[PDB]
Amino acid sequence: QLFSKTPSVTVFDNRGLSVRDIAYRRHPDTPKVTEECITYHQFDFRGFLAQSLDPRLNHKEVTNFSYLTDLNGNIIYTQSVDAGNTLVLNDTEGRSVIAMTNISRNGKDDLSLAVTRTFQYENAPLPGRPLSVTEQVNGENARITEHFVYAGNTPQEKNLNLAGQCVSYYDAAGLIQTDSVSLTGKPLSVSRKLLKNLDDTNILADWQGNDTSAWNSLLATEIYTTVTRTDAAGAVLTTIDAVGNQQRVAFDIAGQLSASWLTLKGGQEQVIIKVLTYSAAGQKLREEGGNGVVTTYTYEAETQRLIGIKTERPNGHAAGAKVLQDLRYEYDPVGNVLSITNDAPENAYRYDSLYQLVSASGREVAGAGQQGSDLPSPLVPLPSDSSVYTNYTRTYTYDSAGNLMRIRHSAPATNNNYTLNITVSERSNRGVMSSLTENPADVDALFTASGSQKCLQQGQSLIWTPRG
Amino acid sequence: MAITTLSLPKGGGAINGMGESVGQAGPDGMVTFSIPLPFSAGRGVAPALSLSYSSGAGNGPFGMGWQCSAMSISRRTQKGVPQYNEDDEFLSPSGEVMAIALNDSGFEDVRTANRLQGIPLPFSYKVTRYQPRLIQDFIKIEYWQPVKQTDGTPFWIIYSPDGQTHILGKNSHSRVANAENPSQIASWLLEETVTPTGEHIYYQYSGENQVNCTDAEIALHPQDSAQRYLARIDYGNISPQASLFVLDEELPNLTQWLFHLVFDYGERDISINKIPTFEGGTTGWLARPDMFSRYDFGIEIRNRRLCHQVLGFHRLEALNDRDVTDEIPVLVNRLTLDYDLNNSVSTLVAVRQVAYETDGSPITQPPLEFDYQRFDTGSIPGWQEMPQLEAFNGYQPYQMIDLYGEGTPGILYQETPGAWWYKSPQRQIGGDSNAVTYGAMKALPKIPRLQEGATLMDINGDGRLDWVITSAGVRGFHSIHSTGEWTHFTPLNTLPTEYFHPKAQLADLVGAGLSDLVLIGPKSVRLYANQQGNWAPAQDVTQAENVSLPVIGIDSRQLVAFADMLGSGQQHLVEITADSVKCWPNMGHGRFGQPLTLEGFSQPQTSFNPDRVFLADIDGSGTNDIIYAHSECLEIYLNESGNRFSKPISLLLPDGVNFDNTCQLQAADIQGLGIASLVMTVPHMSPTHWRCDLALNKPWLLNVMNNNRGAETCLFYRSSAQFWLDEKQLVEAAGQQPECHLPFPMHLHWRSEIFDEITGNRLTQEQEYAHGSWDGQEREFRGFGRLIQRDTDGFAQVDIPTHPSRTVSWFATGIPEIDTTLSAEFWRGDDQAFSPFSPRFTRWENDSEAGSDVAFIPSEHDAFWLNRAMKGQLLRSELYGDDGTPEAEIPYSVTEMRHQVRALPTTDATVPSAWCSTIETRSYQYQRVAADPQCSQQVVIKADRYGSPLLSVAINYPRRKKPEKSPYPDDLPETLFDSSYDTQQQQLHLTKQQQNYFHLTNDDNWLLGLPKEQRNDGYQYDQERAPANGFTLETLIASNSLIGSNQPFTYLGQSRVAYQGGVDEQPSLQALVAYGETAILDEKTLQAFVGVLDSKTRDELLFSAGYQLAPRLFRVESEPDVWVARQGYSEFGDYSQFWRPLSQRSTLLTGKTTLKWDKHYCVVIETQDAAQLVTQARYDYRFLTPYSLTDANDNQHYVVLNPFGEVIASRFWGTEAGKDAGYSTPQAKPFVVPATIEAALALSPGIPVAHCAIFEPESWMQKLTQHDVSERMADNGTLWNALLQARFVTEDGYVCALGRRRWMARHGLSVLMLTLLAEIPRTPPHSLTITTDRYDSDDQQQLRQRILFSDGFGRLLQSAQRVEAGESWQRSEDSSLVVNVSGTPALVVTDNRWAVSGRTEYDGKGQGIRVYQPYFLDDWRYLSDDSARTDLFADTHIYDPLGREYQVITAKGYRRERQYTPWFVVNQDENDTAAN
């Protein structure tokens, strides 16, 4: 097949590290050229990668990364033209101490946008575990985003198996008071309390000063605890979202799931399964939920490539024999799909030699229109019609580097044909559909110093925050 | 790190065995196999010996060929018999001569002394430290002498550089000497040792006695008592002492040691159904069937006791520290050992490990069998004529010797006008390697050959014959090479004798290889004086007048010989009548002992004659055997163990032939058997010659071993002399002049097969070699210059081709005169590879700044010793995979390995001591593509007086210049090869690693190898900077050095340590460490911080991330300090606490552990940490192992182990949000794990244990019983007895592994046997695991019933879980898949369904090729691999010779490709490989 002679290679220095990527990539319908699908990788005298590039930047002669390191040569402060210069910093003992990102491009780059988080620990005699962490607003105030209140070793903490343990992760969105644990180490209950008003968008969830004697102003009335009981196998015996939801489960002679029953809030607990059949691989085979339908699934047993699935209401069902679906599916040597169909009319696919998708023709429902930032109305009721899902073609296109170009389409049943095209940065992954901007160099101005987008789908309001 | 947490046993495992350790070969050719010993580590240090067979080993208590003997200090005797005087010479157990040492000023290491370990001695005393002729490692050694030697004894002390210290010969049992007057000390023996912690081990010897002896032995051997046996080892002293105990008056009681190894020769009941006892009763140790003596130290050396059971004893309640009264130690475990016994030899049939249940039921490991080549003469075949020879003898028509380094002789009829017709053995064309014939003669230019005492021998010991000159006035010889080089005449200040009568000419007893002449007989002893073919004066002595007088030349129907019927190698005097025979004990210098008779012979004495008699040893022991002729037969009498003679064998002569006084018998190795085949001529008819057939092997070589897990060793073994004739023959087919520097015969291991016990796959391994070498002055095997090594796996198939390994290698023989030649042998398809690693030599001096060396050329004498010391050093190797390719001739890779020596002054002025170093490697990697290897070189630059690698470097090299086309296949787009080159290739890279140590070595101390300081720095350079041969060390040490320290390097890093205790961070006596020192940052690595921080925040972040300033090491002139951390903070008591861990820390920034001990500090009983979590454990001191734990929540976790010390069940119980929870306390629910898997297949939910497991390894052999067999044979059990005696069946009634074939051979027995066996398969070693779904607080524990299957070779085979009933495959009673007639699996409902997993077509490298699919099955039994091969889908792993799947094939035939090159690797998938 023309797919032949597309191999991948790796090529090394005399240190023995691969100085480049190699593949051999062909667009199938223009088969004369195989791309220069290869790229630079560069490593220091410590054998640690200093650089690698998009080939499309190489003749442009502009670099893409920075890395900086210690004795023992671990990365410290590091940048790429998409990621921005970024730090997480750690103890001798590897404990985290501080985290920062969102620093500008002149080189005198502005750490007043550092978006800081930093970490706080036990003292002797205790081993030095993290009792807390705080946000710090870059260049400004720190606030204690959490505590991890470690227990003592009272007979109580023994009983609860909380000896030394975080009995109180006071946290963003409030507290989880870890308040019982098993001899099997599994937790047995924890009072998830929200904030004093969790739908208050601005109460801190930050835990400054002495103790919760203050933060009672900030933890919820919503004491939506969870409670748990456990098998010696560690599988759940029962668990209960203390607002009133609860669960139970049971298993076969070996350990596969055989049944479960799940209490909705304060209700009875009821089984989910009517009939069960797995494959010997433990994958499914023939099941009937409380739904009462026969469904079955059929696969390459060597690989579980599902060749198809069928569903009917069975003969003798409460609503009698009725086939509901019969899907069939097709696959390549490595196992990429190529087509699917169903009955109760077909769809089919193409890929680069890279397996980078290029085509996805099929059938799609009339009247849905060309896709926007929307969900249409459903067709209601469910069409018994043979046709309203009219046949169509759709296709994909992609950069030399890891970026898309376009989706391109025809709806010949309605002539509703169109193409989607992406504007993208001269120099980064920053890029969007060309009607936001057509300019592939204006487009890069639109993103934060951490490379998140400055504004929403069409410029609407958005704020990014700590934890990113 | 900190001292380990309280830790559970594994809680799991797999079925596996032990002793699985057959060794690889080497240029010595003396293949050997070793096994470790199944006994404890004590508290952490314990006796660490290990047993071995060797092809080259003699007899012992281990039986013939085996070895586990520990060590002693002893004389040489290859130099002949000891004087028992000052001028005798003595040897390390390291195998090297032990000179006296020299000081700085080149004076001896000696003094009078009056303390040791500061212990002021009970006397004035005298001491001398000692030095070997060769150092590998720098142990300090001293001899000890009373100032008046008669006052008690001298003795010996040992100081290893690691401080490990040992003593020899305080006590009689710790000594060996003349039993009559021990002033003739043979040896001093190891007796005790102390650890730096003041642990100890002691080593008992038992002396000889008359137990189980009898009248004949009593009459003959009233001298045995000096013999010794290693009867017990003991360890775990009741209380510490860092000095030796035996400094004391006398060693404390038996109770004061806690672990013991005990050795027994059949005293306690060998029955499997009796556990032995620490006390042995009074049955008394047996004496071997095949008893004999040695003589070689000039004394009686009777050899009698062989062990059969070895016993591990634990003083349990003292180990518990609980009780001490009558704490008779438990027999922890019993190694059991079984031998074949014969009138002349015994050696192991088998061994097995055993332990015991508390009810005393044994439990067993699989046995381990052996079968060395048994000499037998029921074997012996008939005669054949010798067309090759048929008339060339019969008095004068024969002449013979090997001259041409042959190992077997040329015939050479040769006279005064002598023909010199060197008719010599050549390989027959065709047939096997063993086929041989005698070809053309060759006369040669040669000596006067007349009237000279002109005769055959090498007399000087030269490996070259010395054709004798002794005529009227004229004396000397001419020496003849293997080349036929008749050297010029040799006058030598020879001092030959009068030869007055040639009668009674002595030869041997002077010493092996240096034979010398003494006319002698009754009442007097003339003396030799030959050294290496020169002489001192001869002398007169006599042996004592009571000794019987051997006497020569009286023809009165009798014979004499200098011949070793005793097989010592000393060709003892024997006198031989038709009725009586007598042999004199060798006493070497001037003497023999009173002679012993031998028995087992007579003839009708009135019918007898002298001669008609022949004397060759034929049993291969050395004990010369006897033949008589008879009117139509030969009578062959074989020597019982060197003591008596078997019933004579009656051999019919060839038909119609009768032997008579014309006829001449002889024995010589016709076929390359390595022992003499039979030979004769009857000079009656024109044809005259015959051989007789004998055997196909040299006897007593191990030949095969097995484990009852189903292992084998198909040992194959070949004459090195045949090898020489082959090397000769093939290089003469190459027309080259041959000259193997080994003339000397021995028979060596050669090849083996191994087999897949279940799949019937197999593998071949081959050992091959060239340039045989021997010492032309010392008579010593100098190795082979080249080795060649080869192998293949092989398979039952189905497409996969095997590709034989081939590799070639070179080793120093220490003889330039051939060592030079190997340079021809190196493959040079590659070309730009650099000059051969050239061996080099140096000497240390005490220069200022702590000394130096000069590399130098010493004398050629010195070089003799240098090269001999280098002998065996592995020089080079070159390695390939075999195929029809134009790269079969190209190796995957090649290596050469430079060696360098320091020569050393000595009290021996004749030669220096020396030591050697493998100072470099260089290593070219081709992937069998010759165009352009990657290569690297690694080198040591600097070292101390004790050779530490004070500086070293390593180098990688830039790529070769851009070639014009790809050598690789055109499958790659040319864009690959033409882009395969980069600026990054243009680069050389060079590590420097430099370091220095401490050396606490004054006075008593000898502490060496003490880590201290290290730094590394790096360079990179332009490819245009290096020389075309590459840089050598000798190059870049020069002042011009391109890498000169003025060049700006990269400082790679440093490291350091601080020792604790009172030596200023330098080591204390135990060298305990205060902390490890751990760098972080400097003005080079700050740049990340420079990107972000001010000075204050920078400094803060160092101090907060845990770092401090410290000095920078190997400081260069301008170099600032560096930021670092430090680690490991830990503390210990003294010896009174055995310096056990008290409390230990990783870092000051984090918590510290504290650890709590039993009274003996045997184990940490408890621990608590920084967070104060106290932890409990309790231990079974059978195995010193924790059966119990508790956490700080009071959660118990608990385990039990079998008496073999292996986990068998577990549970946990504790608290649960404050309720009590878990399983019961065990004593609250004492419980029985099912005894059998068939029982466990019906276990119930709710057992009080979280898990258990059950096992059957020995199931690989079928089990039988007396009643089972009697229900066929109805003798009701005497057959069962006979079979057990015959080792067909084990004592526990299994069929014995070799037994299976052993019996159907020895007694033929048939399907009569198969009746007991056939439908019970060999059942793979297997086990069932169980774990319980819930604590026994809930009875509805779902039962996780999973079986598993293992071997000794890949270990786990497969495993399966019981699963819910339904459609499944079915296994046949014949283990097949049950099939429909069309072969479809019997895919039908089963109740007993299994999910079956992990099966695959395993391989001998350890993987598997065909990864089989899993499935459902009905059965816990193993299904047939034949059916699996027929039916079951699997991808094929196409491993390369490096074991790397260059390809995989899917079960559906699509493929994944790869190929590897030194510079790059190509890869392809199932869609892309579809080029077909």
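Residues numbered from 1 in each chain as written, not as in the entry; some residues may be left out. Chains lettered and ligands numbered in written order. Part of a larger assembly, values for the part shown. Heavy atoms only, no water. Residues with missing side-chain atoms left out of burial classes, pairs and counts.

What the entry reports as its method is cryo-EM, with 6.43 Å given for the resolution.

Student: I keep staring at the overall build of chain A and nothing clicks. Help me out?
Tutor: The helix and strand inventory of chain A stands at three helices and 32 strands. For chain A, the C-alpha atoms occupy an extent of roughly 75 × 70 × 50 Å along the three principal directions. (Helix = DSSP H or I, 4+ residues; strand = E, 2+ residues; numbered from the N terminus.)

Student: Please explain the overall build of chain B as it appears in this structure.
Tutor: For chain B, the count of helices and strands is 15 helices and 88 strands. Here chain B has a C-alpha radius of gyration of 37 Å; the compact-globule value for 1476 residues is 35 Å, and the two agree. Seen through its principal axes, chain B has C-alpha atoms that stretch 110 × 95 × 85 Å. (Rg over C-alpha atoms; globule rule 2.2 N^0.38 Å.)

Student: In this structure, what is going on with the interface of chain A and chain B? I would like to understand it.
Tutor: You'll often see interface size given as the accessible area lost when the parts meet. Contact with chain A, which involves 38 residues of that partner, is made by 36 residues of chain B. Listed by contribution, the elements that provide at least two residues to the side of chain A that touches chain B are strand 1 (8-12), helix 2 (155-159) and strand 14 (174-181) of chain A. With five residues, the top contributor of residues to the side of chain A that touches chain B is strand 1 of chain A. (Contact = heavy atoms within 4.5 Å.)

Student: Sorry if this is basic, but what is going on with the sheet that holds strand 25 (residues 383-385) of chain B here?
Tutor: Two strands in a sheet stick together by hydrogen bonds in their backbones, pointing the same way (parallel) or opposite ways (antiparallel). Residues and elements named next belong to chain B. Reading across from one edge, 25-48-47-46 is the order of the four strands in this open sheet, with antiparallel pairing throughout. Both edges of this open sheet fall to strand 25 and strand 46 (664-668), since each of them pairs with a single strand only. Between one strand axis and the next, the sheet turns through 25 degrees on average, direction left out of account. Of the pairings in the sheet, the one linking strand 46 to strand 47 (residues 677-681) comprises five bridges and is antiparallel in character. Bridging from a neighbouring strand, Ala668 pairs with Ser677 of strand 47. (Pairing = 2+ DSSP bridges. Axes fitted to C-alpha atoms, helices over the stretch in contact; angles between N-to-C directions.)

Student: Please clarify how the sheet that holds strand 31 (residues 418-424) of chain A should be interpreted in this entry.
Tutor: Residue and element names in this part refer to chain A. Strand order in this open sheet of 12 strands is 21-22-23-24-25-26-27-28-29-30-31-32, and the pairing throughout is antiparallel. At either margin of the open sheet sits one strand with a lone partner, and together these are strand 21 (273-275) and strand 32 (431-433). The average undirected angle you get between the axes of adjacent strands in this sheet is 20 degrees. Here strand 29 (residues 389-398) pairs with strand 30 (residues 404-410) via six bridges, running antiparallel. Residue pairing for strand 30: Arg394 is matched across the bridge by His409.

Student: Could you clarify how one ought to interpret unusual backbone geometry in this entry?
Tutor: For residues besides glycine, phi is generally negative; the peptide bonds are generally trans as well. Between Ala124 of chain A and the following residue, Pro125 of chain A, the backbone shows a cis peptide bond with an omega angle of 10 degrees. Of note, the bond from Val380 of chain A into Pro381 of chain A is cis; its omega dihedral lies within 30 degrees of zero at -10 degrees. If you trace the backbone, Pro381 of chain A turns up in the loop between strand 28 (357-365) and strand 29. Look at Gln117 of chain B: it is not a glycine, yet its phi comes out positive at around 50 degrees. Locating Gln117 of chain B in the fold gives a position in the loop between strand 7 (110-116) and strand 8 (119-132). Positive phi, close to 55 degrees, is recorded for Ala1274 of chain B, a residue that is not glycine. Here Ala1274 of chain B shows up in the loop between helix 11 (1266-1273) and helix 12 (1278-1285).

Student: Just to check I follow, could you spell out the pairing of strand 60 (residues 951-956) of chain B for this structure?
Tutor: Where a strand is regular, its side chains alternate between the two sheet faces. Residues and elements named next belong to chain B. The sheet contact formed by strand 59 (residues 934-942) and strand 60 spans six bridges and is antiparallel. Within strand 60, the residue paired with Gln937 across the bridge is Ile955. In the sheet, strand 60 pairs with strand 61 (residues 987-998) via six bridges, with the strands oriented antiparallel. Among the inter-strand pairings, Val953 is bridged to a residue of strand 61, identified as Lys992.

Student: Please explain the environment of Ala770 of chain B as it appears in this structure.
Tutor: All names here are of chain B. Mapping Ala770 onto the fold places it in strand 51 (residues 762-774). When the C-alpha positions of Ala770 and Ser720 are compared, they lie 9.5 Å apart, and in sequence the two are 50 residues distant. With residues up to four places along the chain from it excluded, the contact list for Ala770 reads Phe784, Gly785 and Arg786.

Student: I tried to follow the pairing of strand 15 (residues 200-207) of chain B on my own but got confused; where do I start?
Tutor: All names here are of chain B. Inspection of the sheet shows strand 14 (residues 185-194) paired to strand 15 by three bridges, in the antiparallel sense. Residue pairing for strand 15: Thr193 is matched across the bridge by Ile201. What sits between the antiparallel neighbours strand 14 and strand 15 is a turn of five residues, in which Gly198 has the positive phi angle 80 degrees. With six bridges connecting them, strand 15 and strand 16 (residues 228-237) associate as antiparallel partners. Of the residues in strand 16, the one forming a bridge with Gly207 is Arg228.

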